[PDB]
Amino acid sequence: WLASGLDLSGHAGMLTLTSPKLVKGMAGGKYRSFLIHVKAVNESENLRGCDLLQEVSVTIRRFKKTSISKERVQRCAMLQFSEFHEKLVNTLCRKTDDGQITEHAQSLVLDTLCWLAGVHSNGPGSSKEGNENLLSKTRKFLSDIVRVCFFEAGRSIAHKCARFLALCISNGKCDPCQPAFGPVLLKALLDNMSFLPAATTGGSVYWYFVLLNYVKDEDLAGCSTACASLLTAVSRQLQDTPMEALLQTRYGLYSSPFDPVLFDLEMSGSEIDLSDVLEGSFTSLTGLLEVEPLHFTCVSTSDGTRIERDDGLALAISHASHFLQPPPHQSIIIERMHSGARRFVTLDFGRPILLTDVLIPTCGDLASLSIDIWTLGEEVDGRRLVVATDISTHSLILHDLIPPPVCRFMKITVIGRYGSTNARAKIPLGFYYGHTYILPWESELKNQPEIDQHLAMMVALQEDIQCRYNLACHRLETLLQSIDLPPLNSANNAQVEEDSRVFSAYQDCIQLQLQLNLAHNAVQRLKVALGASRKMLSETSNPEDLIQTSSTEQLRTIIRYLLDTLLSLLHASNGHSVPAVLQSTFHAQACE
Amino acid sequence: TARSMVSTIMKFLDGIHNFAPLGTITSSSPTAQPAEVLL
Amino acid sequence: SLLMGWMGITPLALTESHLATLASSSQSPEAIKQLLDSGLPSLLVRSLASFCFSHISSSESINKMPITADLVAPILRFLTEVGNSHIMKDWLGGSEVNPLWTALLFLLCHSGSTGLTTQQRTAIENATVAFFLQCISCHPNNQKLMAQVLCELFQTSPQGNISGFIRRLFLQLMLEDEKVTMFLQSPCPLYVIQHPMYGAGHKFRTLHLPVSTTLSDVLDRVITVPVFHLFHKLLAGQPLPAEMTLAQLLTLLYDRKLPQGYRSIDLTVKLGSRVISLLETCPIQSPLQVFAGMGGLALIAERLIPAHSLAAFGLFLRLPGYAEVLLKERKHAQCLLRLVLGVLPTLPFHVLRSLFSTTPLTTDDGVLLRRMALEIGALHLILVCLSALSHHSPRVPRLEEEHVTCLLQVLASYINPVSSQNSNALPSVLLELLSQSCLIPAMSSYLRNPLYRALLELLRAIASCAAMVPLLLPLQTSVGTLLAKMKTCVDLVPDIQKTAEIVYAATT
Amino acid sequence: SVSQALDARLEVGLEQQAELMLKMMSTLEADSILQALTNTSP
């Protein structure tokens, strides 16, 4: 039906049609023509069904021709013999004794799992024995794969696993003897709330909570009591110094400048005043600690357009730190605006780079924007990233490009809104996010230094920024000792060069703390790329122990995330009777 | 009469200042134009 | 004495509150005498030294009481709090305590990442920083002790990367000005919990201020006209100058039987009438200059706005005697070091010029410095800098004007130190090196067009040395006749005429 | 909500409707949270 491909607005849509029986019949090398039927089923211009369509478009994409001959039987082997799929599941479970499985191999098996789920999303009247076998092997080890993908992996692997699991959600045309993926995936996710504060990546738990919030509509009680118990546990753990408390009272500075480890950075283009309630989309870009920003150099500029800025080892270390910097806010100004103001700008990164996340703030005087990427020539390898036609409504957010493209030159084409007044405005360039070092496997997708020297210089940069962060902390503590400590309780605290120097010291401490955190994530990424692994969730781990031994920023982010899930769960009742389990565990003393 | 803590913690919840733009104007007789331009 | 008998003192276990109370209640002289007479400090320093040795031995293998990894930062804070006493600073300056310094430094430098977590590592790092700040405070014996200790650690640095502790200790301890405690007693009001020696109310003041400031600044922050005057308890009948810095006062007090290590100096403020030797004393030596006295700057340079001047400053400070003439201006030297860690570009060459002028060719220090500059390659760097600034190449067989002027001044002071056996005082290696570089073409380009005065000083300097004369011959108008022509073109005037006549006499 | 913007280079892949369904999961999350914030307690 058309409902399996509708867009978010609902006014458009797109279907990708393929089947294993298609290539099974193409294995004979006989078929060359196809028919497609549009039919309206039933249980001013009164258009019904097929007449309701306005504009139509057809494209056909071929398969990639590799260097391995007789590829037809190789592709039909996985569709005919199902023992591959369980083996793939085994490669997720780390139960095989053939060494230790790296993150790259996990990414590859998750990619081919996503591809086979996509081809099995539409099986027309075929034998679903292989599909049932792979679904059963998924449900058998669902907790193990969700643990190794959403707790012990980065943003890319967790995003791919969320894609595969929600694709298994999407094609749930199960027989009456088979249960749906919803219940079992729900139970697998609530079997792993205990290991949540011992996670690694903010984007991983973000995708985890997105999947949880979607599939929680089937069973409500278990997710509610797990969330409430973790609320109580992490809340009683997070209460355990007067330093950040004094900062919070005196200046409203809530992020701890002394805790060196963070969890994730959340930003979006969309203290809080309490008067309006007397920011929901800000979780669109998560996990910005594993990915560092870049720098911008404008090359080409259209007519009536100007890009402006809005207002010896130590030297090499300082230059590497300067390359690892958030650039100041820039923008584009237009001299003359009109209905359909076509303008064009070009951005250069200076070297080939991996691009993962992009953010373009809301521009209310612009109709549409489009971004193109290329490395060598515009007509040589230019591929379209995204064109958005509702910039005046919301902001452009594109998060965690999988597979991550490599590029050096960005092309931004902007068309202004219809009936636009001749009043000047600003189009900010936004924030671009990527990977400074290009891995060899991601280099082969589309003078490169070796891994070891890059790892050594990144470790040296991490040590130098750790020294800078420690001296910033010492300056901040010695200066903050000089705050007046009156015996006048707190009324005079809510009632100056000293304030400005404290704000500047806190800004410097926060900046160097963020730099140290993303540098540590970069060296961790390089270490797992070398062949190592991150923290292994042992089976003998006490949940309370890993609750206590977790970083405070991770606890704050996980608290906000799962009470966000609690808010969505409370709203999911549609104003009906609230379940008694979360109304009972939240008694008077628990609430207090 | 001094400002206590209450005035400090209510002042931002919402040096002689003007108050004419906040209010409205009227007259007892029907004029040819309203006097809101004065405000 | 009765309180000693409570915590098992005539194994042992004291919490952080126990040592907090003990360090608080030991600031009086009788209490600190009882604390030194008791064996608790000796047993604690032996315990922590044993802990440091055990942790080093465990990391490298991959009356005593066992100290864990948690209690050691609070008891180091105990050391910081008790070190206010001057006999505490004298006791920490003895050979009995020095194992504490060596053990902590070898533990937090050699033993890198029993397991040390990052939070506890930062705790020990900050506690050691506080201990080092407390030890050398107004104590010249502790100053030279720490200088010798850090010089001996930098001497035995492994052969190349410096750990984070030693780097931040260099950027922290001797890169901030020395801070002393000011105590102010006055009957008139002068406008936190401190020791009861420091009084109470607004009539008794206590500040923690850097030494480099003077009395006028601390008195500003706190016809017959009443005027504030400052008196000391060891001085009877004389006031103190307003522009007199605290280093001069500290040296005067140390020359006036005040015991060493007295952390808080006291002053009485009185009101006198005004009708509308002390300043000439030597200042304090400070830990930075004491460390630089034995050439530690070269040791840390061997282990380490235009950027080329900042890069050349690190090479320039490796010569002996460079830091002694560098420390004449403290604030700008600290600013240059702050720019090094990550007027200002003129100073790394101006200090070299002053060191050239203060080291003549009649003594061994000047010729040793010149041969070390020949060996280490400072002349190559300054010559390629002049080549890049003047856009001229060597003869192959507004800020830039100030840079060229300063470089010419450095060369002029290098040739003749007295201008700012003289024939064999400089080797011919410098002669054959200068015959290859870009001195002659840049001179011919700039001449045929202060700075002119500096170039005439360079000319009379290169004519003063007999071994450096034959460079004046061009590779066919002589420089003397040319200079006479542009002197007549220009025609300050007596200097130009005298230098032109000197160049003409040298050419003839 | 969020902008109706999706990866154009990923159209050559098979998971375009996967990313579309992930994005509408995100938008329904944002809408439900805003509705829970605005609504009072009956």
# chains A, B, ... in the order shown; residues from 1 in each chain; ligands from 1
>>> interface_residues(of="chain A", to="chain C", cutoff="8 Å", atoms="only C-alpha atoms", output="PDB file with N, CA and C atoms, in the first residue's frame")
ATOM      1  N   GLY A 312      60.361  22.203  19.023  1.00  0.00           N
ATOM      2  CA  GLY A 312      59.316  22.723  18.161  1.00  0.00           C
ATOM      3  C   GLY A 312      58.036  21.911  18.213  1.00  0.00           C
ATOM      4  N   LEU A 313      57.966  20.985  19.173  1.00  0.00           N
ATOM      5  CA  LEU A 313      56.772  20.159  19.319  1.00  0.00           C
ATOM      6  C   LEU A 313      55.597  20.962  19.865  1.00  0.00           C
ATOM      7  N   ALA A 314      55.874  21.995  20.666  1.00  0.00           N
ATOM      8  CA  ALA A 314      54.803  22.814  21.226  1.00  0.00           C
ATOM      9  C   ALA A 314      54.076  23.600  20.142  1.00  0.00           C
ATOM     10  N   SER A 318      50.194  23.247  19.200  1.00  0.00           N
ATOM     11  CA  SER A 318      49.305  24.404  19.139  1.00  0.00           C
ATOM     12  C   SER A 318      48.609  24.504  17.787  1.00  0.00           C
ATOM     13  N   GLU A 463      47.244  15.150  25.946  1.00  0.00           N
ATOM     14  CA  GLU A 463      48.008  15.447  27.155  1.00  0.00           C
ATOM     15  C   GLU A 463      48.202  16.949  27.338  1.00  0.00           C
ATOM     16  N   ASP A 464      48.486  17.672  26.250  1.00  0.00           N
ATOM     17  CA  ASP A 464      48.684  19.115  26.353  1.00  0.00           C
ATOM     18  C   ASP A 464      47.390  19.833  26.726  1.00  0.00           C
ATOM     19  N   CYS A 467      46.811  19.287  30.366  1.00  0.00           N
ATOM     20  CA  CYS A 467      47.581  20.241  31.163  1.00  0.00           C
ATOM     21  C   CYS A 467      46.927  21.617  31.166  1.00  0.00           C
ATOM     22  N   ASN A 470      43.881  21.452  33.357  1.00  0.00           N
ATOM     23  CA  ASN A 470      44.240  21.403  34.770  1.00  0.00           C
ATOM     24  C   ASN A 470      44.674  22.771  35.284  1.00  0.00           C
ATOM     25  N   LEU A 471      45.454  23.515  34.491  1.00  0.00           N
ATOM     26  CA  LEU A 471      45.830  24.860  34.925  1.00  0.00           C
ATOM     27  C   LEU A 471      44.636  25.807  34.909  1.00  0.00           C
ATOM     28  N   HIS A 474      42.867  25.039  38.108  1.00  0.00           N
ATOM     29  CA  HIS A 474      43.567  25.599  39.262  1.00  0.00           C
ATOM     30  C   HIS A 474      43.359  27.107  39.357  1.00  0.00           C
ATOM     31  N   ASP A 484      33.207  36.561  47.812  1.00  0.00           N
ATOM     32  CA  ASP A 484      32.631  36.869  49.113  1.00  0.00           C
ATOM     33  C   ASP A 484      31.675  35.769  49.559  1.00  0.00           C
ATOM     34  N   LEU A 485      31.900  35.258  50.766  1.00  0.00           N
ATOM     35  CA  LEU A 485      31.057  34.225  51.367  1.00  0.00           C
ATOM     36  C   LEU A 485      30.358  34.820  52.582  1.00  0.00           C
TER      37      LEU A 485
END
>>> residues_around(residues="stretch 11-13 of chain D", least_positions_apart="5", cutoff="10 Å", atoms="only C-alpha atoms", output="MDAnalysis selection string")
(chainID A and resid 14 16 60:63 115 118 384:385 403) or (chainID D and resid 6)
>>> closest_atom_pairs(of="chain B", to="chain A", cutoff="9 Å", atoms="only C-alpha atoms", output="tab-separated table")
residue	atom	partner	partner_atom	distance
B:5	CA	A:491	CA	6.2
B:8	CA	A:495	CA	6.2
B:9	CA	A:494	CA	7.4
B:13	CA	A:275	CA	8.1
B:14	CA	A:275	CA	8.6
>>> write_last_selection(atoms="N, CA and C atoms", output="compact mmCIF listing (two decimals), in the first residue's frame")
# COMPACT_ATOMS: atom_id res chain seq x y z
N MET B 5 14.47 41.61 50.19
CA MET B 5 14.72 40.52 49.26
C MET B 5 13.53 40.26 48.35
N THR B 8 13.79 42.21 45.16
CA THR B 8 14.82 41.65 44.30
C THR B 8 14.34 40.39 43.59
N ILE B 9 13.66 39.50 44.31
CA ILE B 9 13.24 38.22 43.73
C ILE B 9 11.89 38.30 43.03
N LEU B 13 10.98 38.82 37.80
CA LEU B 13 9.95 37.85 37.45
C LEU B 13 8.96 38.39 36.43
N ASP B 14 8.79 39.70 36.35
CA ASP B 14 7.90 40.30 35.36
C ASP B 14 8.65 40.62 34.08
>>> interface_residues(of="chain D", to="chain A", cutoff="7 Å", atoms="only C-alpha atoms", output="MDAnalysis selection string")
chainID D and resid 1:9 14:15 17:18 20 24:25 30 32:34 36
>>> residues_around(residues="residue C:155", least_positions_apart="4", cutoff="10 Å", atoms="only C-alpha atoms", output="ChimeraX atom specification")
/C:149-151,296,299-300,302-303
>>> select_by_dssp(residues="stretch 158-280 of chain C", states="alpha helix (DSSP H)", output="ChimeraX atom specification")
/C:164-172,215-220,246-254
>>> write_last_selection(atoms="N, CA and C atoms", output="compact mmCIF listing (two decimals), in the first residue's frame")
# COMPACT_ATOMS: atom_id res chain seq x y z
N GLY C 164 53.32 15.84 32.18
CA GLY C 164 52.42 16.96 32.39
C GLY C 164 52.69 17.72 33.67
N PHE C 165 53.09 17.00 34.73
CA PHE C 165 53.35 17.64 36.02
C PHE C 165 54.48 18.65 35.91
N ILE C 166 55.62 18.23 35.34
CA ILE C 166 56.79 19.10 35.31
C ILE C 166 56.53 20.31 34.41
N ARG C 167 55.81 20.10 33.30
CA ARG C 167 55.45 21.20 32.42
C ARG C 167 54.55 22.21 33.12
N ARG C 168 53.48 21.73 33.77
CA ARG C 168 52.57 22.67 34.42
C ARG C 168 53.20 23.30 35.66
N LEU C 169 54.15 22.61 36.30
CA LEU C 169 54.86 23.19 37.42
C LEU C 169 55.79 24.30 36.96
N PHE C 170 56.43 24.13 35.80
CA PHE C 170 57.20 25.22 35.22
C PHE C 170 56.30 26.39 34.83
N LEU C 171 55.14 26.09 34.23
CA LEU C 171 54.24 27.17 33.81
C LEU C 171 53.48 27.80 34.97
N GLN C 172 53.57 27.23 36.17
CA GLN C 172 52.79 27.70 37.31
C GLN C 172 53.65 28.31 38.41
N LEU C 215 53.50 49.86 48.24
CA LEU C 215 52.63 50.19 49.36
C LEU C 215 51.51 51.14 48.97
N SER C 216 51.71 51.94 47.92
CA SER C 216 50.68 52.87 47.49
C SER C 216 49.46 52.14 46.94
N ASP C 217 49.69 51.01 46.26
CA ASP C 217 48.57 50.27 45.68
C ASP C 217 47.76 49.53 46.74
N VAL C 218 48.44 48.94 47.73
CA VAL C 218 47.71 48.26 48.80
C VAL C 218 47.06 49.26 49.75
N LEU C 219 47.61 50.48 49.86
CA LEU C 219 46.96 51.50 50.67
C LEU C 219 45.82 52.20 49.93
N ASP C 220 45.85 52.20 48.59
CA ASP C 220 44.73 52.75 47.84
C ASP C 220 43.53 51.81 47.86
N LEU C 246 57.30 45.45 48.01
CA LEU C 246 57.37 44.51 49.12
C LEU C 246 58.64 43.68 49.12
N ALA C 247 59.32 43.57 47.98
CA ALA C 247 60.60 42.86 47.94
C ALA C 247 61.67 43.61 48.74
N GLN C 248 61.71 44.94 48.60
CA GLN C 248 62.63 45.75 49.38
C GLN C 248 62.34 45.64 50.87
N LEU C 249 61.06 45.65 51.24
CA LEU C 249 60.68 45.53 52.64
C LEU C 249 61.03 44.15 53.19
N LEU C 250 60.84 43.10 52.38
CA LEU C 250 61.19 41.75 52.81
C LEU C 250 62.70 41.61 53.00
N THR C 251 63.50 42.19 52.10
CA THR C 251 64.95 42.14 52.26
C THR C 251 65.40 42.94 53.48
N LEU C 252 64.78 44.10 53.72
CA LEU C 252 65.11 44.89 54.90
C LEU C 252 64.76 44.14 56.18
N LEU C 253 63.62 43.46 56.20
CA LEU C 253 63.23 42.70 57.38
C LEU C 253 64.15 41.50 57.59
N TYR C 254 64.53 40.81 56.51
CA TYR C 254 65.44 39.68 56.65
C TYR C 254 66.84 40.13 57.06
>>> closest_residue(among="A:483, A:58, A:563, A:267", to="residue A:430", atoms="only C-alpha atoms")
A:267
>>> atom_distance(atom1="atom CA of residue A:82", atom2="atom CA of residue A:133")
6.9 Å
>>> select_by_dssp(residues="stretch 94-231 of chain C", states="strand (DSSP E)", output="PyMOL selection string")
chain C and resi 179-185+204-210+224-231
>>> write_last_selection(atoms="N, CA and C atoms", output="mmCIF file, in the first residue's frame")
data_model
loop_
_atom_site.group_PDB
_atom_site.id
_atom_site.type_symbol
_atom_site.label_atom_id
_atom_site.label_comp_id
_atom_site.auth_asym_id
_atom_site.auth_seq_id
_atom_site.Cartn_x
_atom_site.Cartn_y
_atom_site.Cartn_z
ATOM 1 N N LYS C 179 53.732 35.589 46.158
ATOM 2 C CA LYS C 179 52.614 36.152 46.900
ATOM 3 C C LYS C 179 52.879 36.026 48.394
ATOM 4 N N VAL C 180 52.703 37.131 49.116
ATOM 5 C CA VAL C 180 52.982 37.202 50.541
ATOM 6 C C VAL C 180 51.729 37.695 51.259
ATOM 7 N N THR C 181 51.693 37.452 52.569
ATOM 8 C CA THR C 181 50.554 37.821 53.398
ATOM 9 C C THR C 181 50.829 39.156 54.085
ATOM 10 N N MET C 182 49.924 40.107 53.874
ATOM 11 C CA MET C 182 49.996 41.440 54.453
ATOM 12 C C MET C 182 49.036 41.517 55.632
ATOM 13 N N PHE C 183 49.555 41.914 56.790
ATOM 14 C CA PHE C 183 48.771 42.116 57.998
ATOM 15 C C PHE C 183 48.782 43.602 58.322
ATOM 16 N N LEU C 184 47.603 44.173 58.557
ATOM 17 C CA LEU C 184 47.458 45.608 58.763
ATOM 18 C C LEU C 184 46.719 45.856 60.067
ATOM 19 N N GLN C 185 47.366 46.580 60.978
ATOM 20 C CA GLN C 185 46.775 46.993 62.244
ATOM 21 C C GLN C 185 46.609 48.505 62.251
ATOM 22 N N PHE C 204 41.254 45.317 61.521
ATOM 23 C CA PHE C 204 42.375 44.412 61.305
ATOM 24 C C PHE C 204 42.234 43.822 59.910
ATOM 25 N N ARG C 205 43.246 44.017 59.069
ATOM 26 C CA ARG C 205 43.174 43.584 57.681
ATOM 27 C C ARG C 205 44.225 42.523 57.390
ATOM 28 N N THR C 206 43.875 41.597 56.500
ATOM 29 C CA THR C 206 44.799 40.564 56.044
ATOM 30 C C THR C 206 44.561 40.326 54.562
ATOM 31 N N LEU C 207 45.614 40.474 53.764
ATOM 32 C CA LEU C 207 45.534 40.286 52.324
ATOM 33 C C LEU C 207 46.591 39.290 51.870
ATOM 34 N N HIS C 208 46.340 38.683 50.715
ATOM 35 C CA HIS C 208 47.261 37.745 50.083
ATOM 36 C C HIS C 208 47.649 38.350 48.739
ATOM 37 N N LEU C 209 48.751 39.094 48.716
ATOM 38 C CA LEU C 209 49.035 39.954 47.578
ATOM 39 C C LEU C 209 50.396 39.637 46.977
ATOM 40 N N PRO C 210 50.565 39.855 45.672
ATOM 41 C CA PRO C 210 51.877 39.634 45.052
ATOM 42 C C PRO C 210 52.924 40.605 45.573
ATOM 43 N N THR C 224 47.484 71.685 56.592
ATOM 44 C CA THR C 224 47.749 70.445 57.312
ATOM 45 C C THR C 224 46.756 69.377 56.867
ATOM 46 N N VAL C 225 47.273 68.283 56.318
ATOM 47 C CA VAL C 225 46.445 67.207 55.778
ATOM 48 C C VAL C 225 46.850 65.895 56.442
ATOM 49 N N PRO C 226 45.895 65.093 56.916
ATOM 50 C CA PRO C 226 46.242 63.772 57.453
ATOM 51 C C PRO C 226 46.661 62.816 56.345
ATOM 52 N N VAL C 227 47.756 62.102 56.593
ATOM 53 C CA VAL C 227 48.356 61.184 55.631
ATOM 54 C C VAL C 227 48.605 59.853 56.329
ATOM 55 N N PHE C 228 48.231 58.758 55.667
ATOM 56 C CA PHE C 228 48.530 57.425 56.173
ATOM 57 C C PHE C 228 50.029 57.158 56.104
ATOM 58 N N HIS C 229 50.577 56.594 57.178
ATOM 59 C CA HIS C 229 51.976 56.192 57.233
ATOM 60 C C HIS C 229 52.080 54.772 57.766
ATOM 61 N N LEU C 230 53.097 54.052 57.302
ATOM 62 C CA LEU C 230 53.279 52.639 57.605
ATOM 63 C C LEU C 230 54.470 52.468 58.535
ATOM 64 N N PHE C 231 54.291 51.669 59.583
ATOM 65 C CA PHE C 231 55.347 51.396 60.544
ATOM 66 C C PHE C 231 55.457 49.895 60.765
#
>>> residues_around(residues="stretch 342-355 of chain A", least_positions_apart="4", cutoff="8 Å", atoms="only C-alpha atoms", output="number ranges by chain")
A: 294-305, 375, 401, 404-416, 432-438
>>> atom_distance(atom1="atom CA of residue A:573", atom2="atom CA of residue A:191")
23.1 Å
>>> atom_distance(atom1="atom CA of residue A:493", atom2="atom CA of residue A:250")
6.0 Å
>>> residues_around(residues="residue C:130", least_positions_apart="2", cutoff="12 Å", atoms="only C-alpha atoms", output="number ranges by chain")
A: 474, 478; C: 73-74, 76-84, 123-128, 132-137, 169, 172-173
>>> write_last_selection(atoms="N, CA and C atoms", output="JSON list (two decimals), in the first residue's frame")
[["chain", "number", "residue", "atom", "x", "y", "z"],
["A", 474, "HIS", "N", 42.87, 25.04, 38.11],
["A", 474, "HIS", "CA", 43.57, 25.60, 39.26],
["A", 474, "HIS", "C", 43.36, 27.11, 39.36],
["A", 478, "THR", "N", 41.40, 28.92, 42.46],
["A", 478, "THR", "CA", 42.07, 29.97, 43.23],
["A", 478, "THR", "C", 41.34, 31.31, 43.11],
["C", 73, "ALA", "N", 46.44, 12.78, 49.71],
["C", 73, "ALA", "CA", 46.16, 14.17, 49.35],
["C", 73, "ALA", "C", 45.69, 15.00, 50.54],
["C", 74, "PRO", "N", 44.77, 14.54, 51.42],
["C", 74, "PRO", "CA", 44.50, 15.32, 52.63],
["C", 74, "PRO", "C", 45.69, 15.51, 53.55],
["C", 76, "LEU", "N", 48.81, 15.67, 52.63],
["C", 76, "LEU", "CA", 49.61, 16.70, 51.97],
["C", 76, "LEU", "C", 49.02, 18.08, 52.18],
["C", 77, "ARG", "N", 47.68, 18.18, 52.18],
["C", 77, "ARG", "CA", 47.04, 19.45, 52.53],
["C", 77, "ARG", "C", 47.32, 19.82, 53.99],
["C", 78, "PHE", "N", 47.46, 18.82, 54.86],
["C", 78, "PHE", "CA", 47.94, 19.06, 56.22],
["C", 78, "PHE", "C", 49.32, 19.70, 56.20],
["C", 79, "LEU", "N", 50.23, 19.19, 55.37],
["C", 79, "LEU", "CA", 51.55, 19.82, 55.24],
["C", 79, "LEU", "C", 51.44, 21.26, 54.77],
["C", 80, "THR", "N", 50.58, 21.52, 53.78],
["C", 80, "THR", "CA", 50.39, 22.89, 53.30],
["C", 80, "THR", "C", 49.86, 23.80, 54.40],
["C", 81, "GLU", "N", 48.97, 23.29, 55.24],
["C", 81, "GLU", "CA", 48.38, 24.12, 56.29],
["C", 81, "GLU", "C", 49.34, 24.33, 57.45],
["C", 82, "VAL", "N", 50.20, 23.35, 57.76],
["C", 82, "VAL", "CA", 51.12, 23.56, 58.87],
["C", 82, "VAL", "C", 52.32, 24.38, 58.45],
["C", 83, "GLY", "N", 52.66, 24.41, 57.15],
["C", 83, "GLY", "CA", 53.83, 25.13, 56.68],
["C", 83, "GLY", "C", 53.79, 26.64, 56.83],
["C", 84, "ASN", "N", 52.74, 27.20, 57.42],
["C", 84, "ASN", "CA", 52.72, 28.64, 57.69],
["C", 84, "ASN", "C", 53.75, 29.03, 58.74],
["C", 123, "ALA", "N", 44.12, 15.28, 42.38],
["C", 123, "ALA", "CA", 44.18, 15.67, 43.78],
["C", 123, "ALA", "C", 45.63, 15.77, 44.27],
["C", 124, "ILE", "N", 46.45, 14.76, 43.96],
["C", 124, "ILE", "CA", 47.86, 14.81, 44.35],
["C", 124, "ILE", "C", 48.58, 15.93, 43.61],
["C", 125, "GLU", "N", 48.23, 16.16, 42.34],
["C", 125, "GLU", "CA", 48.86, 17.23, 41.57],
["C", 125, "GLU", "C", 48.59, 18.59, 42.20],
["C", 126, "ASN", "N", 47.33, 18.86, 42.56],
["C", 126, "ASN", "CA", 46.99, 20.13, 43.19],
["C", 126, "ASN", "C", 47.58, 20.25, 44.59],
["C", 127, "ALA", "N", 47.62, 19.15, 45.34],
["C", 127, "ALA", "CA", 48.20, 19.18, 46.68],
["C", 127, "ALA", "C", 49.70, 19.44, 46.63],
["C", 128, "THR", "N", 50.40, 18.84, 45.66],
["C", 128, "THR", "CA", 51.82, 19.09, 45.49],
["C", 128, "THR", "C", 52.08, 20.52, 45.02],
["C", 132, "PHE", "N", 54.34, 23.11, 47.11],
["C", 132, "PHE", "CA", 55.46, 23.84, 46.53],
["C", 132, "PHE", "C", 55.26, 25.34, 46.63],
["C", 133, "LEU", "N", 54.02, 25.82, 46.49],
["C", 133, "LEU", "CA", 53.75, 27.24, 46.66],
["C", 133, "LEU", "C", 53.96, 27.67, 48.10],
["C", 134, "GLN", "N", 53.64, 26.80, 49.05],
["C", 134, "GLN", "CA", 53.80, 27.14, 50.46],
["C", 134, "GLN", "C", 55.26, 27.08, 50.90],
["C", 135, "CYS", "N", 56.05, 26.17, 50.31],
["C", 135, "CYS", "CA", 57.41, 25.94, 50.79],
["C", 135, "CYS", "C", 58.33, 27.11, 50.48],
["C", 136, "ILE", "N", 58.32, 27.61, 49.24],
["C", 136, "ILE", "CA", 59.31, 28.59, 48.82],
["C", 136, "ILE", "C", 58.81, 30.00, 49.08],
["C", 137, "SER", "N", 57.66, 30.12, 49.74],
["C", 137, "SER", "CA", 57.08, 31.43, 50.03],
["C", 137, "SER", "C", 57.95, 32.15, 51.05],
["C", 169, "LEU", "N", 54.15, 22.61, 36.30],
["C", 169, "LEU", "CA", 54.86, 23.19, 37.42],
["C", 169, "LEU", "C", 55.79, 24.30, 36.96],
["C", 172, "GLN", "N", 53.57, 27.23, 36.17],
["C", 172, "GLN", "CA", 52.79, 27.70, 37.31],
["C", 172, "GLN", "C", 53.65, 28.31, 38.41],
["C", 173, "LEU", "N", 54.62, 27.56, 38.94],
["C", 173, "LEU", "CA", 55.25, 27.95, 40.20],
["C", 173, "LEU", "C", 56.17, 29.15, 40.03]]
>>> residues_around(residues="residue C:46", least_positions_apart="6", cutoff="10 Å", atoms="only C-alpha atoms", output="CSV table (one decimal) with N, CA and C atoms, in the first residue's frame")
chain,number,residue,atom,x,y,z
C,40,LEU,N,54.8,12.4,65.1
C,40,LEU,CA,53.8,12.3,64.0
C,40,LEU,C,54.2,12.9,62.7
C,52,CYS,N,55.2,6.1,48.2
C,52,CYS,CA,55.7,6.5,46.9
C,52,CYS,C,56.6,5.5,46.3
C,63,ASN,N,58.6,3.3,63.6
C,63,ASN,CA,57.3,3.8,63.6
C,63,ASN,C,56.8,4.1,62.2
C,64,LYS,N,56.1,3.1,61.6
C,64,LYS,CA,55.6,3.2,60.2
C,64,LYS,C,54.1,2.8,60.2
C,65,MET,N,53.4,3.3,59.2
C,65,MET,CA,52.0,3.1,59.1
C,65,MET,C,51.6,3.1,57.6
C,66,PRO,N,50.7,2.2,57.1
C,66,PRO,CA,50.4,2.1,55.7
C,66,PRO,C,49.5,3.2,55.2
C,67,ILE,N,50.0,4.0,54.3
C,67,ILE,CA,49.2,5.1,53.7
C,67,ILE,C,48.5,4.7,52.4
C,96,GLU,N,66.2,15.9,56.4
C,96,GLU,CA,65.2,14.9,56.8
C,96,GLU,C,63.9,14.9,55.9
C,97,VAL,N,63.6,16.0,55.4
C,97,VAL,CA,62.3,16.1,54.6
C,97,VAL,C,62.5,15.9,53.1
C,99,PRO,N,63.6,13.6,51.1
C,99,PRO,CA,62.9,12.4,50.6
C,99,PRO,C,61.5,12.6,50.2
C,100,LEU,N,60.7,13.5,50.9
C,100,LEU,CA,59.3,13.8,50.5
C,100,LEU,C,59.3,14.4,49.1
